[PDB]
Amino acid sequence: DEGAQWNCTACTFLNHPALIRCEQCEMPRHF
Amino acid sequence: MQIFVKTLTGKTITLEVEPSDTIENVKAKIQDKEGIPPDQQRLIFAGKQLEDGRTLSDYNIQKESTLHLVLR
Amino acid sequence: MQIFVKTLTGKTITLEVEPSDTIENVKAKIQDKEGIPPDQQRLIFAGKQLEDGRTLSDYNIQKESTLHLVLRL
Ligand SMILES: [Zn+2]
């Protein structure tokens, strides 16, 4: 699951696992 | 057809559109309703950044679907 | 053409690039502006990690678009 993509909970964008903030809206992944 | 456009503040904008409208047309309707220039709009639907030349139906955007508006 | 690079600490870097530039060339330009060695740079665009040997045009990166830089230690 650590290499999995992840959906931003604010805008839903499907993000790369290397980012810990959303590429679109910069919402943090770990809130 | 009504769809919803949700901002990052959680505000839900109700927009009247046609199912065959292009994304560019939708941005123009957001410009008409909210006054936001289309070049400053990014729309996300179910994980995907929406591209200007495609239609709402192309993306399976339906009645009362929610698009997420991020300002760039 | 201009492209922008966003870092995790919020900095914006503006680069001058051609669409034919490789990702390696882009990392070298980031090093000039920042000081981060290219082998510690990861570039993300549209949810994908960009590969050193390919070019901006390979990823359809256009004028005034934005890449995200994260670090690899
Ligand atoms: Zn987001």
# chains A, B, ... in the order shown; residues from 1 in each chain; ligands from 1
>>> residues_near_ligand(ligand="ligand 1", cutoff="7 Å", atoms="only C-alpha atoms and all ligand atoms", output="list in words")
residues 8, 9, 10, 11, 12, 13, 22, 23, 24, 25, 26 and 27 of chain A
>>> write_last_selection(atoms="N, CA and C atoms", output="compact mmCIF listing (two decimals), in the first residue's frame")
# COMPACT_ATOMS: atom_id res chain seq x y z
N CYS A 8 -6.80 12.68 -3.05
CA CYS A 8 -6.96 13.83 -2.17
C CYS A 8 -8.37 13.87 -1.59
N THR A 9 -8.48 14.06 -0.27
CA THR A 9 -9.81 14.12 0.33
C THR A 9 -10.51 15.46 0.11
N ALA A 10 -9.80 16.46 -0.39
CA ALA A 10 -10.39 17.77 -0.68
C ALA A 10 -10.89 17.89 -2.12
N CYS A 11 -10.07 17.52 -3.10
CA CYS A 11 -10.46 17.69 -4.48
C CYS A 11 -10.58 16.38 -5.25
N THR A 12 -10.22 15.24 -4.65
CA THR A 12 -10.25 13.83 -5.13
C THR A 12 -9.11 13.47 -6.07
N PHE A 13 -8.24 14.40 -6.44
CA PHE A 13 -7.21 14.09 -7.43
C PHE A 13 -6.38 12.89 -7.03
N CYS A 22 -1.37 17.29 -1.94
CA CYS A 22 -2.02 17.10 -3.24
C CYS A 22 -1.39 17.99 -4.31
N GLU A 23 -1.10 17.39 -5.47
CA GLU A 23 -0.49 18.13 -6.58
C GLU A 23 -1.39 19.26 -7.07
N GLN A 24 -2.70 19.11 -6.93
CA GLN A 24 -3.62 20.14 -7.42
C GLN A 24 -3.86 21.25 -6.40
N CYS A 25 -4.18 20.89 -5.16
CA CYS A 25 -4.68 21.87 -4.20
C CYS A 25 -3.79 22.02 -2.97
N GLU A 26 -2.73 21.22 -2.87
CA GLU A 26 -1.73 21.22 -1.80
C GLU A 26 -2.29 20.79 -0.45
N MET A 27 -3.50 20.24 -0.40
CA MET A 27 -4.01 19.66 0.84
C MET A 27 -3.08 18.54 1.31
>>> residues_around(residues="stretch 16-20 of chain A", least_positions_apart="3", cutoff="8 Å", atoms="only C-alpha atoms", output="JSON, numbers by chain")
{"A": [2, 3, 4, 5, 6, 23, 28, 29, 30], "C": [44, 47, 48, 49, 70]}
>>> residues_around(residues="residue C:4", least_positions_apart="2", cutoff="7 Å", atoms="only C-alpha atoms", output="VMD selection string")
chain C and resid 2 6 12 to 15 64 to 67
>>> select_by_dssp(residues="stretch 13-63 of chain B", states="strand (DSSP E or B)", output="list in words")
residues 13, 14, 15, 16, 22, 41, 42, 43, 44, 45, 48, 49 and 55 of chain B
>>> atom_distance(atom1="atom CA of residue C:54", atom2="atom CA of residue B:59")
28.9 Å
>>> closest_residue(among="B:48, B:29, B:42, B:68", to="residue B:12", atoms="only C-alpha atoms")
B:68
>>> interface_residues(of="chain B", to="chain A", cutoff="7 Å", atoms="only C-alpha atoms", output="MDAnalysis selection string")
chainID B and resid 8 44 46:48 68 70
>>> select_by_dssp(residues="chain B", states="alpha helix (DSSP H)", output="JSON, numbers by chain")
{"B": [23, 24, 25, 26, 27, 28, 29, 30, 31, 32, 33, 34]}
>>> residues_around(residues="residue B:25", least_positions_apart="4", cutoff="10 Å", atoms="only C-alpha atoms", output="MDAnalysis selection string")
chainID B and resid 17:18 20:21 29:31 38 52:56
>>> write_last_selection(atoms="C-alpha atoms", output="PDB file, in the first residue's frame")
ATOM      1  CA  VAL B  17     -25.548  22.468 -17.978  1.00  0.00           C
ATOM      2  CA  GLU B  18     -26.294  20.199 -20.870  1.00  0.00           C
ATOM      3  CA  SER B  20     -23.163  17.138 -23.965  1.00  0.00           C
ATOM      4  CA  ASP B  21     -21.464  20.384 -22.841  1.00  0.00           C
ATOM      5  CA  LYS B  29     -20.779  28.863 -17.268  1.00  0.00           C
ATOM      6  CA  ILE B  30     -18.774  29.059 -14.040  1.00  0.00           C
ATOM      7  CA  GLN B  31     -17.351  32.333 -15.338  1.00  0.00           C
ATOM      8  CA  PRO B  38     -11.684  30.020 -17.125  1.00  0.00           C
ATOM      9  CA  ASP B  52     -11.140  21.395 -21.980  1.00  0.00           C
ATOM     10  CA  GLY B  53     -12.129  19.710 -25.262  1.00  0.00           C
ATOM     11  CA  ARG B  54     -14.061  16.737 -23.836  1.00  0.00           C
ATOM     12  CA  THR B  55     -17.724  16.496 -22.900  1.00  0.00           C
ATOM     13  CA  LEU B  56     -19.328  15.916 -19.524  1.00  0.00           C
TER      14      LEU B  56
END
>>> residues_around(residues="residue C:1", least_positions_apart="3", cutoff="9 Å", atoms="only C-alpha atoms", output="JSON, numbers by chain")
{"C": [15, 16, 17, 18, 19, 62, 63, 64]}
